[PDB]
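> experimental structure and sequence below, a few questions after.
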Amino acid sequence: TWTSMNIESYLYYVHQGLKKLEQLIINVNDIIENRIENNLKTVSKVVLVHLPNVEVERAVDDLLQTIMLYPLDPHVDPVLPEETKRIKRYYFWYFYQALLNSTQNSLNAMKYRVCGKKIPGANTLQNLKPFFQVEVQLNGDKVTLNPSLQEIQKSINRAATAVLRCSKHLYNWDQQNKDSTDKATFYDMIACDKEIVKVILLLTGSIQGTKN
């Protein structure tokens with residue numbers, strides 16, 4: 001600072017590094033904070049039972065896209081940030097949890113609101129299910145739904161199982177290609193989680209109450 005030089009240039013060079021980094025973060029903001037967020041909102045909003053591939057492609061593409069951001073999927077060799085690298089992975093795992101949880105919250109909302117079938121609308125694969133009509137007569141002189149009501153619940157469970165296997169075999173951010181990048185164990189975990197196994201009891205209980 002005595003000849004009044006090189007300090008403005010050092011300050012300007014650090015400013016240059018900081019503006020380049022502020023840039024790179026503005027990248028990451030753009031590139032992560034909204035496309036995969038809106039994809040997550042869509043994944044949450046997808047009604048699995050009935051609604052009158054896409055987001056899977058989308059998530060694979062978001063992976064390759066984030067990979068374009070120079071992210072250290074392997075640790076930097078000269079820096080050796082082995083601990084460092086796994087924290088973005090824990091965050092991306094929390095986000096993958098938010099995705100599978102979007103699907104899971106949908107699944108659970110539907111498992112709860114099965115009872116009003118006429119109110120929601122169905123998609124093509126699920127044409128037989130909505131507001132199910134059953135024939136009633138004197139089966140062996142006894143008034144019954146001619147299709148066994150138990151059978152109709154097994155048809156509801158067959159729709160549920162088609163949906164559940166479609167949702168268990170996915171290609172999400174971790175499952176990139178046939179679960180190659182990461183396993184699909186969270187989906188069988190969700191299948192044995194309360195929203196499925198414990199709500200089977202509530203389903204069958206309301207069903208037996210209808211029978212009652």
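Cool, got the structure. Numbers count the residues shown, from 1 in each chain.

> for stretch 97-108, output the C-alpha coordinates as PDB.
Output in PDB follows, covering the C-alpha atoms of stretch 97-108 (Å, rounded to 0.1, in the frame of the first residue of the first chain):
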ATOM      1  CA  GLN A  97     -36.500 -39.800  -0.200                       C
ATOM      2  CA  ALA A  98     -38.700 -36.700  -0.900                       C
ATOM      3  CA  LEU A  99     -39.400 -38.200  -4.400                       C
ATOM      4  CA  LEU A 100     -40.300 -41.700  -3.200                       C
ATOM      5  CA  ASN A 101     -42.200 -40.000  -0.400                       C
ATOM      6  CA  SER A 102     -44.100 -37.900  -2.900                       C
ATOM      7  CA  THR A 103     -45.200 -41.200  -4.500                       C
ATOM      8  CA  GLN A 104     -45.800 -42.600  -1.000                       C
ATOM      9  CA  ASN A 105     -47.900 -39.700   0.200                       C
ATOM     10  CA  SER A 106     -50.000 -40.100  -2.900                       C
ATOM     11  CA  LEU A 107     -50.300 -43.900  -2.300                       C
ATOM     12  CA  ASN A 108     -51.400 -43.200   1.300                       C
END
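
> list the buried residues of that stretch.
99-104, 106-108 (16 or more other C-beta atoms under 10 Å). From N, CA and C alone the C-beta is placed, and that goes for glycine too.

> now, those residues that are in helices?
99-104, 106-108 (DSSP state H).

> where exactly do the helices run in this structure?
With DSSP H as the criterion, the chain has helices spanning 7-33, 35-45, 54-67, 82-112, 149-168, 185-191, 194-211.

> who are the packing partners of the longest one?
Yep, that's helix 82-112 we're talking about. helix 35-45, helix 149-168, helix 185-191, helix 194-211 (3 or more C-beta pairs under 8 Å, 6 or more residues apart in numbering; DSSP states H and E).

> apply 10 Å and report the result again.
Contacting helix 82-112 under the criterion 3 or more C-beta pairs under 10 Å, 6 or more residues apart in numbering; DSSP states H and E are the following elements: helix 35-45, helix 54-67, helix 149-168, helix 185-191, helix 194-211.

> what number of residues are in the vicinity of residue 138?
9 (other C-beta atoms under 10 Å).

> wouldn't it be in contact with residue 145 here?
No: with contacts counted by C-beta atoms under 10 Å, residue 138 stays clear of residue 145, the gap being 11.7 Å.

> how far away is residue 205 from residue 106?
22 Å (C-beta to C-beta, to the nearest Å).

> likewise for residue 15?
Where residue 106 is concerned, residue 15 sits at a distance of 48 Å (C-beta to C-beta).

> rewinding a little: could the helices of the chain go into TSV alongside distance to residue 1?
Below are those laid out as TSV (distance: least, C-beta to C-beta, whole Å):
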stretch	distance to residue 1
helix 7-33	6
helix 35-45	48
helix 54-67	44
helix 82-112	36
helix 149-168	65
helix 185-191	59
helix 194-211	66
